[PDB]
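Enquirer: I am attaching a structure below and will ask some questions about it afterwards.
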Amino acid sequence: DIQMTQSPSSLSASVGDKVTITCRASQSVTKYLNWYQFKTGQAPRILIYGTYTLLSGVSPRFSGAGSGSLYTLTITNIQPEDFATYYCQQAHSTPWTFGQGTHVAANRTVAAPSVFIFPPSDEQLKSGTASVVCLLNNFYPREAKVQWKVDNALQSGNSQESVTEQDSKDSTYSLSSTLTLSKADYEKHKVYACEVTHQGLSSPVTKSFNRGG
Amino acid sequence: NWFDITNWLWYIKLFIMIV
Amino acid sequence: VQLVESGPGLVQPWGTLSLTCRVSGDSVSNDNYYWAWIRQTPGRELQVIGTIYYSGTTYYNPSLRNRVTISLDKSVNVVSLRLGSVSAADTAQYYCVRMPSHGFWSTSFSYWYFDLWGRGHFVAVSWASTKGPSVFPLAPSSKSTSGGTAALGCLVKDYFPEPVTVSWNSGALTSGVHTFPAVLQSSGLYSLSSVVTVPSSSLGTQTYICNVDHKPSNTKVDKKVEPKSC
Ligand SMILES: CCCCCCCCCCCCOP(=O)([O-])OCC[N+](C)(C)C
Ligand SMILES: *[C@@H]1O[C@H](CO)[C@@H](O)[C@H](O)[C@H]1NC(C)=O
């Protein structure tokens, strides 16, 4: 099987920039090289076939080039609808094979997150466990530190984090840190707090409650 | 299978188009 | 032209997993097109399971050829995929795909590309059995409020297999909604949260219901989220 490798694996770009994505093959593929666009929400979508040919309804910002073992997709004036992941595929050999994908995300100005905290639902305390949620809404860049503190002590593996994909229009991320505990342990302690550090915050931001009221 | 055959067929077709 | 894939959510190991793709634009015997099955594994790798033609001829990826069959059902215009002796490594998103068959004299002869893709259908392969989720409200308070907007949500906890679908107010509320990706808990079950930010003034007048769906266990849940008044 012909092995395919794209570079870079991920990149980010400001709206308007030129973006080039390179696709190298283990053999020569003699211009039988297709490009596809993958966005969350919609069905996968071809944009180029046979190195150069654009398909109907694909914007001419996209342009293909290359030969031999080395091809290149180019986004000329990158637009909000262009942020996505792109795959190259070879039609030269019997088992068709794709690249690993190039994820193109947006560059944006710093945005601090809004922090929210949710204590566990009474229903869930009835069920016998307790989850407390910290929400970080609409921030950039993606890097954010979220520490849990119970009566000033830092937690271990009690909590899990999750992060949305970049918003199509906002170009920002949101993050949930859910800390899961037995009802026992949750009833033990009083003051539950979520501390957040992120660029575009000057001081760490803390949200906290007292169990009960 | 037939796919790979078209690879060569393209050159055959070029040989034809020339004449 | 529409391509709707469907099949089971969860398949037992050593079983045979069958998917069907309904083609809603033109006939599969159009003979200007081949039809194909392509899959994406968790980890973003794209594999082309198979190719089929109106005449009956099939191509199968060698690494699967021993245990895959594709076929057309002309009477209802569907294309079927069967994959037998299925293991954990067959857990993937399965796309149905159309491929122009360019004839000998076409300007673009020998150019083979996948020009139309369905939405996909996810298939988990596991010994573990299905289990529907519990839905708990994440009620707004003075502590989940920032300025003039309040945040609220609902936690969809302990379910298997992925995925769950979450909506708000039966689809009428689609502004500022953030349903996170799932996380795999230690138990081996999945859980996520879905959260929306609304203007705080709108509590006490607008009702906020979250609608969870988990088709692998035929779970539908409507949970109402009431403001707490901290
Ligand atoms: C019997 C026929 C004699 C042919 C001998 C071989 C030399 C002919 C050179 C012809 C070069 C034209 O192809 P290309 O644009 O460079 O790239 C390949 C284009 N395809 C991918 C569509 C094939
Ligand atoms: C975004 O653009 C600024 C402007 O120069 C640059 O300094 C920064 O490194 C860029 N961010 C990324 C992630 O490329």
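Labeling convention for the structure tokens: chains A, B, ... as they appear, residues from 1 per chain, ligands from 1 in order of appearance.
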Given a cut-off of 12 Å, which residues of chain C touch chain B, counting only C-alpha atoms, written out as a list in words?
Expert: residues 34, 51, 52, 53, 57, 58, 59, 60, 61, 62, 99, 101, 102, 103, 104, 105, 106, 107, 108, 109, 110, 111, 112 and 113 of chain C
Enquirer: If the cut-off is 8 Å, can you tell me the residues of chain A near chain C, counting only C-alpha atoms? I'd like them as a PyMOL selection string.
Expert: chain A and resi 32+34+42-46+49-50+91+95-101+114-121+123-124+160-164+174-176+207-209+213
Enquirer: Kindly compile the residues surrounding ligand 2 within 8 Å, counting only C-alpha atoms and all ligand atoms, and format them as a list in words.
Expert: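 Based on only C-alpha atoms and all ligand atoms, ligand 2 is surrounded within 8 Å by residues 11, 12, 13, 14, 107, 108, 109 and 141 of chain A.
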Enquirer: Next, dump the selected residues to file, keeping only C-alpha atoms, as a short mmCIF file (atom, residue, chain, number, x, y, z; two decimals), in the first residue's frame.
Expert:
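Output below, filename part.cif:
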data_model
loop_
_atom_site.label_atom_id
_atom_site.label_comp_id
_atom_site.auth_asym_id
_atom_site.auth_seq_id
_atom_site.Cartn_x
_atom_site.Cartn_y
_atom_site.Cartn_z
CA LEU A 11 -1.72 24.56 11.67
CA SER A 12 -3.58 27.76 12.46
CA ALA A 13 -4.05 30.85 10.33
CA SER A 14 -5.60 34.30 10.44
CA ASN A 107 -5.85 32.57 14.81
CA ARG A 108 -7.65 35.13 16.91
CA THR A 109 -7.13 37.80 19.55
CA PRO A 141 -6.00 30.32 23.15
#
Enquirer: Give as a list in words every residue of chain A that touches chain B within 9 Å, counting only C-alpha atoms.
Expert: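 Selected residues: residues 91, 92, 93 and 94 of chain A.
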Enquirer: Would you mind exporting N, CA, C and O atoms of the selected residues as a compact mmCIF listing (two decimals), in the first residue's frame?
Expert:
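What follows is the written file selection.txt:
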# COMPACT_ATOMS: atom_id res chain seq x y z
N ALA A 91 -4.91 7.86 -6.20
CA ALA A 91 -5.65 6.95 -7.07
C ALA A 91 -4.72 6.13 -7.97
O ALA A 91 -5.21 5.40 -8.85
N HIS A 92 -3.41 6.23 -7.77
CA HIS A 92 -2.44 5.51 -8.61
C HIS A 92 -2.45 3.99 -8.42
O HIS A 92 -2.41 3.26 -9.42
N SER A 93 -2.51 3.50 -7.19
CA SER A 93 -2.41 2.07 -6.94
C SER A 93 -3.75 1.43 -6.58
O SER A 93 -4.74 2.11 -6.29
N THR A 94 -3.75 0.09 -6.61
CA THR A 94 -4.98 -0.66 -6.39
C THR A 94 -5.67 -0.38 -5.05
O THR A 94 -6.90 -0.26 -5.05
Enquirer: Output as a compact mmCIF listing (two decimals) with N, CA and C atoms, in the first residue's frame all residues of stretch 25-224 of chain C that backbone DSSP marks as strand (DSSP E or B).
Expert:
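part-v6.txt was written with the following content:
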# COMPACT_ATOMS: atom_id res chain seq x y z
N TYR C 33 -21.80 5.75 -12.45
CA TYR C 33 -21.23 5.84 -11.11
C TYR C 33 -20.93 4.45 -10.58
N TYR C 34 -19.81 4.34 -9.87
CA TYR C 34 -19.60 3.29 -8.89
C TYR C 34 -20.06 3.78 -7.52
N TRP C 35 -20.22 2.83 -6.60
CA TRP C 35 -20.59 3.15 -5.23
C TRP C 35 -19.62 2.47 -4.28
N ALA C 36 -19.41 3.06 -3.11
CA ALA C 36 -18.32 2.58 -2.30
C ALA C 36 -18.60 2.81 -0.82
N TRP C 37 -17.85 2.08 0.00
CA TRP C 37 -17.88 2.20 1.45
C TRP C 37 -16.48 2.55 1.91
N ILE C 38 -16.40 3.59 2.75
CA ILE C 38 -15.15 4.13 3.28
C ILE C 38 -15.34 4.35 4.77
N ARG C 39 -14.33 4.08 5.58
CA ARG C 39 -14.53 4.20 7.01
C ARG C 39 -13.40 5.00 7.65
N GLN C 40 -13.74 5.67 8.74
CA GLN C 40 -12.79 6.44 9.53
C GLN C 40 -12.77 5.83 10.92
N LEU C 46 -8.45 7.21 7.36
CA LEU C 46 -9.44 6.92 6.33
C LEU C 46 -9.09 5.66 5.54
N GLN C 47 -9.97 4.66 5.59
CA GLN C 47 -9.79 3.37 4.92
C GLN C 47 -10.94 3.18 3.94
N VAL C 48 -10.64 2.66 2.74
CA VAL C 48 -11.66 2.43 1.72
C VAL C 48 -11.99 0.94 1.75
N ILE C 49 -13.11 0.61 2.41
CA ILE C 49 -13.52 -0.78 2.54
C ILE C 49 -13.85 -1.43 1.20
N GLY C 50 -14.63 -0.75 0.35
CA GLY C 50 -14.99 -1.42 -0.89
C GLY C 50 -15.56 -0.53 -1.97
N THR C 51 -15.57 -1.09 -3.19
CA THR C 51 -16.10 -0.49 -4.42
C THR C 51 -17.02 -1.49 -5.13
N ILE C 52 -18.14 -1.01 -5.69
CA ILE C 52 -19.09 -1.86 -6.39
C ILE C 52 -19.63 -1.10 -7.60
N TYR C 53 -20.11 -1.86 -8.59
CA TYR C 53 -20.67 -1.34 -9.83
C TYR C 53 -21.99 -2.01 -10.16
N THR C 58 -17.08 -6.14 -7.93
CA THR C 58 -16.70 -5.54 -6.67
C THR C 58 -15.19 -5.52 -6.54
N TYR C 59 -14.69 -4.51 -5.83
CA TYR C 59 -13.32 -4.47 -5.35
C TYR C 59 -13.37 -4.39 -3.83
N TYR C 60 -12.52 -5.17 -3.17
CA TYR C 60 -12.44 -5.17 -1.72
C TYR C 60 -11.00 -4.92 -1.31
N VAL C 68 -15.72 -9.37 3.78
CA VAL C 68 -16.58 -8.24 3.46
C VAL C 68 -17.34 -8.58 2.19
N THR C 69 -18.57 -8.08 2.08
CA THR C 69 -19.36 -8.17 0.86
C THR C 69 -20.18 -6.90 0.68
N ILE C 70 -20.14 -6.34 -0.52
CA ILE C 70 -20.98 -5.20 -0.89
C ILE C 70 -21.94 -5.66 -1.97
N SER C 71 -23.14 -5.10 -1.96
CA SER C 71 -24.08 -5.47 -3.01
C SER C 71 -25.12 -4.37 -3.19
N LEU C 72 -25.67 -4.30 -4.40
CA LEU C 72 -26.76 -3.39 -4.70
C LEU C 72 -28.11 -4.08 -4.55
N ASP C 73 -29.09 -3.33 -4.05
CA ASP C 73 -30.48 -3.75 -4.00
C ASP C 73 -31.21 -2.75 -4.90
N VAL C 78 -30.85 0.79 -2.82
CA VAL C 78 -29.93 0.87 -1.69
C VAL C 78 -28.65 0.12 -2.03
N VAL C 79 -27.59 0.45 -1.30
CA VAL C 79 -26.33 -0.29 -1.36
C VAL C 79 -26.00 -0.81 0.03
N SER C 80 -25.70 -2.10 0.12
CA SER C 80 -25.51 -2.80 1.38
C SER C 80 -24.04 -3.17 1.55
N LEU C 81 -23.60 -3.14 2.80
CA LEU C 81 -22.29 -3.60 3.23
C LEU C 81 -22.46 -4.60 4.36
N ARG C 82 -21.83 -5.76 4.22
CA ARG C 82 -21.74 -6.75 5.28
C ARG C 82 -20.28 -6.97 5.62
N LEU C 83 -19.96 -6.95 6.91
CA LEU C 83 -18.60 -7.18 7.41
C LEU C 83 -18.65 -8.19 8.55
N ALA C 92 -15.93 2.23 14.08
CA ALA C 92 -15.59 3.32 13.17
C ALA C 92 -16.85 4.02 12.66
N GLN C 93 -16.62 5.17 12.03
CA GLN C 93 -17.63 5.87 11.24
C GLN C 93 -17.60 5.34 9.81
N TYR C 94 -18.77 4.95 9.30
CA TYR C 94 -18.89 4.31 8.00
C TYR C 94 -19.64 5.24 7.04
N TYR C 95 -18.93 5.72 6.01
CA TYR C 95 -19.47 6.61 5.00
C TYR C 95 -19.80 5.82 3.73
N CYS C 96 -20.94 6.15 3.14
CA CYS C 96 -21.35 5.70 1.82
C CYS C 96 -21.00 6.77 0.80
N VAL C 97 -20.53 6.36 -0.38
CA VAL C 97 -19.83 7.29 -1.26
C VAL C 97 -20.15 6.95 -2.71
N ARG C 98 -20.18 7.98 -3.55
CA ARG C 98 -20.41 7.89 -4.98
C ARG C 98 -19.12 8.23 -5.73
N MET C 99 -18.89 7.56 -6.87
CA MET C 99 -17.65 7.76 -7.61
C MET C 99 -17.92 7.78 -9.11
N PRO C 100 -17.74 8.93 -9.76
CA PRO C 100 -17.90 8.99 -11.22
C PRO C 100 -17.10 7.92 -11.96
N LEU C 116 -19.01 12.44 -3.88
CA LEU C 116 -20.18 12.69 -3.06
C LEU C 116 -20.18 11.71 -1.89
N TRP C 117 -20.36 12.24 -0.68
CA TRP C 117 -20.26 11.48 0.55
C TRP C 117 -21.54 11.61 1.36
N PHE C 122 -21.94 5.69 12.81
CA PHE C 122 -20.95 5.17 13.74
C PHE C 122 -21.36 3.78 14.22
N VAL C 123 -20.37 2.89 14.34
CA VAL C 123 -20.59 1.53 14.80
C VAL C 123 -19.52 1.20 15.84
N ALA C 124 -19.96 0.92 17.07
CA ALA C 124 -19.10 0.41 18.12
C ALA C 124 -19.20 -1.11 18.17
N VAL C 125 -18.07 -1.78 18.42
CA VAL C 125 -18.01 -3.23 18.51
C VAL C 125 -17.47 -3.60 19.88
N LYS C 131 -26.50 0.57 27.52
CA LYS C 131 -26.98 1.13 28.78
C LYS C 131 -27.31 2.59 28.56
N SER C 134 -28.43 8.59 32.37
CA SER C 134 -29.21 9.42 33.27
C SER C 134 -28.95 10.89 32.98
N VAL C 135 -30.00 11.70 33.09
CA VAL C 135 -29.94 13.13 32.79
C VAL C 135 -30.23 13.90 34.07
N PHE C 136 -29.30 14.77 34.45
CA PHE C 136 -29.44 15.57 35.66
C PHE C 136 -29.35 17.05 35.32
N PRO C 137 -30.19 17.91 35.89
CA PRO C 137 -30.10 19.33 35.56
C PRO C 137 -28.86 19.97 36.16
N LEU C 138 -28.30 20.93 35.42
CA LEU C 138 -27.31 21.89 35.90
C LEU C 138 -28.02 23.23 35.98
N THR C 145 -23.64 32.65 37.04
CA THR C 145 -24.01 33.88 36.35
C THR C 145 -22.78 34.76 36.22
N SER C 146 -22.61 35.37 35.04
CA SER C 146 -21.51 36.29 34.78
C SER C 146 -22.11 37.52 34.09
N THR C 149 -25.74 37.66 31.72
CA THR C 149 -26.10 36.37 31.14
C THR C 149 -25.86 35.26 32.16
N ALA C 150 -26.76 34.28 32.17
CA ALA C 150 -26.68 33.13 33.03
C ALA C 150 -26.39 31.88 32.21
N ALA C 151 -25.71 30.92 32.83
CA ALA C 151 -25.38 29.66 32.19
C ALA C 151 -26.16 28.54 32.87
N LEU C 152 -26.60 27.57 32.07
CA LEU C 152 -27.36 26.44 32.58
C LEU C 152 -27.08 25.24 31.69
N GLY C 153 -27.48 24.06 32.13
CA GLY C 153 -27.28 22.91 31.29
C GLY C 153 -27.92 21.66 31.84
N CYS C 154 -27.50 20.53 31.28
CA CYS C 154 -27.85 19.23 31.84
C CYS C 154 -26.72 18.23 31.55
N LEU C 155 -26.46 17.39 32.55
CA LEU C 155 -25.41 16.38 32.54
C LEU C 155 -26.00 15.05 32.09
N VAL C 156 -25.43 14.48 31.03
CA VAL C 156 -25.84 13.20 30.46
C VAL C 156 -24.78 12.19 30.85
N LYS C 157 -25.03 11.44 31.92
CA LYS C 157 -24.02 10.62 32.58
C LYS C 157 -24.33 9.13 32.46
N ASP C 158 -23.26 8.34 32.37
CA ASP C 158 -23.29 6.88 32.43
C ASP C 158 -24.14 6.27 31.32
N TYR C 159 -23.57 6.18 30.12
CA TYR C 159 -24.23 5.57 28.98
C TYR C 159 -23.19 4.85 28.14
N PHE C 160 -23.65 3.82 27.42
CA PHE C 160 -22.80 3.11 26.48
C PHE C 160 -23.72 2.48 25.45
N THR C 165 -27.28 12.37 21.44
CA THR C 165 -27.64 13.61 20.78
C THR C 165 -28.44 14.47 21.75
N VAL C 166 -28.08 15.74 21.87
CA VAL C 166 -28.73 16.64 22.81
C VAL C 166 -29.23 17.87 22.06
N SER C 167 -30.48 18.25 22.33
CA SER C 167 -31.09 19.45 21.78
C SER C 167 -31.68 20.27 22.92
N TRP C 168 -32.03 21.52 22.63
CA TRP C 168 -32.65 22.39 23.62
C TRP C 168 -33.94 22.98 23.07
N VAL C 177 -25.18 27.33 22.42
CA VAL C 177 -25.22 25.98 22.94
C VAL C 177 -23.85 25.33 22.77
N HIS C 178 -23.43 24.58 23.79
CA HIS C 178 -22.15 23.89 23.80
C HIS C 178 -22.42 22.52 24.42
N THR C 179 -22.57 21.50 23.58
CA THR C 179 -22.61 20.12 24.04
C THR C 179 -21.22 19.53 23.82
N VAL C 183 -16.64 11.85 27.55
CA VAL C 183 -15.43 11.35 28.19
C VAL C 183 -15.71 9.95 28.69
N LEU C 184 -14.71 9.08 28.58
CA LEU C 184 -14.82 7.69 29.02
C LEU C 184 -14.47 7.58 30.50
N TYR C 190 -19.88 6.34 29.28
CA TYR C 190 -19.60 7.68 28.78
C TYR C 190 -20.48 8.72 29.47
N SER C 191 -19.99 9.95 29.48
CA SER C 191 -20.76 11.04 30.05
C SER C 191 -20.29 12.34 29.43
N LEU C 192 -21.24 13.26 29.28
CA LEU C 192 -20.96 14.59 28.76
C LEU C 192 -21.89 15.57 29.46
N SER C 193 -21.74 16.84 29.11
CA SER C 193 -22.65 17.88 29.57
C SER C 193 -23.04 18.73 28.37
N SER C 194 -24.24 19.30 28.42
CA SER C 194 -24.66 20.26 27.42
C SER C 194 -25.10 21.52 28.14
N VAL C 195 -24.56 22.66 27.72
CA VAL C 195 -24.73 23.92 28.45
C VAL C 195 -25.10 25.02 27.46
N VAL C 196 -25.96 25.92 27.90
CA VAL C 196 -26.34 27.08 27.11
C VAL C 196 -26.25 28.31 28.00
N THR C 197 -25.84 29.42 27.39
CA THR C 197 -25.89 30.72 28.03
C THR C 197 -27.05 31.53 27.46
N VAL C 198 -27.85 32.09 28.35
CA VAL C 198 -29.05 32.85 27.99
C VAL C 198 -28.99 34.17 28.75
N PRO C 199 -29.79 35.16 28.36
CA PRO C 199 -29.86 36.37 29.19
C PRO C 199 -30.58 36.06 30.50
N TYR C 208 -36.76 26.10 29.79
CA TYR C 208 -35.60 25.50 29.14
C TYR C 208 -35.62 24.00 29.41
N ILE C 209 -35.91 23.22 28.37
CA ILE C 209 -35.93 21.77 28.41
C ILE C 209 -34.80 21.25 27.54
N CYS C 210 -34.07 20.25 28.04
CA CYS C 210 -33.06 19.60 27.21
C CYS C 210 -33.56 18.21 26.84
N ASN C 211 -33.35 17.86 25.57
CA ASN C 211 -33.87 16.63 24.97
C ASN C 211 -32.68 15.76 24.60
N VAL C 212 -32.52 14.66 25.32
CA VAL C 212 -31.44 13.71 25.10
C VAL C 212 -31.99 12.51 24.33
N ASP C 213 -31.21 12.03 23.37
CA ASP C 213 -31.51 10.84 22.60
C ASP C 213 -30.30 9.91 22.61
N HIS C 214 -30.57 8.62 22.82
CA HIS C 214 -29.56 7.56 22.79
C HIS C 214 -30.19 6.38 22.06
N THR C 219 -33.35 5.33 24.15
CA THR C 219 -33.59 6.29 25.23
C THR C 219 -33.95 7.66 24.66
N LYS C 220 -35.09 8.19 25.08
CA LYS C 220 -35.42 9.60 24.90
C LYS C 220 -35.77 10.19 26.26
N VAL C 221 -35.18 11.33 26.59
CA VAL C 221 -35.39 11.97 27.89
C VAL C 221 -35.57 13.46 27.68
N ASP C 222 -36.58 14.04 28.33
CA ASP C 222 -36.78 15.48 28.35
C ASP C 222 -36.66 15.95 29.79
N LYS C 223 -35.59 16.68 30.09
CA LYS C 223 -35.36 17.19 31.44
C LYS C 223 -35.55 18.70 31.47
N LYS C 224 -36.41 19.16 32.38
CA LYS C 224 -36.65 20.58 32.55
C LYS C 224 -35.66 21.14 33.56
Enquirer: Enumerate the residues of chain A with a DSSP assignment of alpha helix (DSSP H), computed from the backbone, and present them as a list in words.
Expert: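 Across chain A, those assigned alpha helix (DSSP H) are residues 122, 123, 124, 125, 126, 127, 183, 184, 185, 186, 187 and 188 of chain A.
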Enquirer: Just the number, please: distance in Å from atom CA of residue A:71 to atom 3 (C, counted along the ligand's line) of ligand 1, one decimal.
Expert: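 Answer for the atom CA of residue A:71 to atom 3 (C, counted along the ligand's line) of ligand 1 separation: 24.3 Å.
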Enquirer: Between atom CA of residue A:170 and atom CA of residue A:21, what is the distance, to one decimal in Å?
Expert: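 Distance reported for this atom pair: 24.3 Å.
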